[PDB]
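Enquirer: One structure follows; several queries about it will come next.
Every residue, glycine as well, gets a Cβ built from its backbone with ideal geometry; the counts of neighbours run over all protein chains shown. No lab work stands behind these numbers, since they all come straight from the coordinates.
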2 protein chains.
Amino acid sequence: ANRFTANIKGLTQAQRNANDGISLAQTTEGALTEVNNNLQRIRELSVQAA
Amino acid sequence: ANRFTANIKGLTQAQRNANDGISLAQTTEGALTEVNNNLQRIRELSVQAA
């Protein structure tokens, strides 16, 4: 029983760490979204200037 | 979807470039009309002098 209760808490904390990783991925995704939009604008201006 | 968007945006401005071309072509013709009208009269005057 000692070993069962020794094993439980680790898994709990692991769930916490997974949540943190989720959040990290989301923030990076948003940044890349903005970069994408700017490159689209550059494309259109370059065909303007052609 | 991104590569569909890119070409839609490019084509739309490519559509305006053609209008520029049509306008240029149209403008030159009005100039040439008067040149023609002057040559027509020069020939006829030269007929009178023979």
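Enquirer: Take the residues in region A:22-45 that are among the charged types (D, E, K, R) and surrounded by 10 or more Cβ atoms within 10 Å (Cβ to Cβ); name whichever of them is nearest to the chain's Cα centre (by Cα). Lay out the reasoning, then the answer.
Expert: Here is the first cut: in region A:22-45, the residues among the charged types (D, E, K, R) are A:29, A:34, A:41, A:43-44.
With surrounded by 10 or more Cβ atoms within 10 Å (Cβ to Cβ) added as a condition, the list becomes A:41, A:43-44.
On the way: A:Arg41: 25, A:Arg43: 27, A:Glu44: 29 Å.
Across region A:22-45, the extreme among qualifying residues is A:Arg41.
Enquirer: Of everything in region A:33-50, what is hydrophobic (A, V, I, L, M, F, W, C) and within 12 Å of chain B (Cβ to nearest Cβ)? Give them in sequence order.
Expert: A:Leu39, A:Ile42, A:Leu45, A:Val47, A:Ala49, A:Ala50 - these are the residues of region A:33-50 that are hydrophobic (A, V, I, L, M, F, W, C) and within 12 Å of chain B (Cβ to nearest Cβ).
For every residue, the table says whether it meets (1) surrounded by 10 or more Cβ atoms within 10 Å (Cβ to Cβ); (2) within 25 Å of the chain's Cα centre (by Cα); (3) within 22 Å of A:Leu45 (Cβ to Cβ).
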position: B:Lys9; (1), (2), (3): yes, no, yes
position: B:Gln13; (1), (2), (3): yes, yes, yes
position: B:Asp20; (1), (2), (3): no, yes, yes
position: B:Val47; (1), (2), (3): no, no, no
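Enquirer: Could you tell me which of the residues B:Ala18, B:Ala14, B:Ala6, B:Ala50 is outside any helix (DSSP H, G or I) and free of Cβ contacts under 8 Å to residues at least 12 places away in the same chain?
Expert: B:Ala50
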